[PDB]
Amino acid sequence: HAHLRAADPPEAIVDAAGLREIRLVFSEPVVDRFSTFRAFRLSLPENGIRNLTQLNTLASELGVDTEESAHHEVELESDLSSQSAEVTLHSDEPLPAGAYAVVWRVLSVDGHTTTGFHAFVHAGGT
């Protein structure tokens, strides 16, 4: 099973003006053909959120079967062509400021499928 080991940006509030890519590192290599990744700019509730636990709750319902027209999907392209523990997902332009979730379903080289998510807050501009 491939679990997330590390991610940049991390699960934090970051500035990072000009951020345009997210890097994920898994605990084992994942297989390109059966691994998919999506990202969403999360809608915050009126009057905001106070901690990362609350951020995770927003992100925790998203998945690779999320309906794009029901959310604010960010189109990204992966660098995953073979099998790799590291995955880079890029946008064509800087990511706008916002709270974000990356969600995935990955097939490990060991043959097992896992899902997960990673969330962060981009409090810098373009």
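Heads up: residue numbers just count along the shown sequence, starting at 1.
As recorded in the PDB entry, 75-83 is the stretch of 75-83 and 96-104 with the greater mean C-alpha temperature factor. Note on 61-69 vs 48-56: mean CA B-factor is higher in 61-69. As recorded in the PDB entry, 31 shows the highest C-alpha B-factor of the residues 39, 89, 31, 42.
Residue 112: CA B factor in the highest third of modelled residues in this chain (values from the PDB entry).
Ranked within its chain, residue 17 lands in the highest third, by CA B factor from the PDB record.
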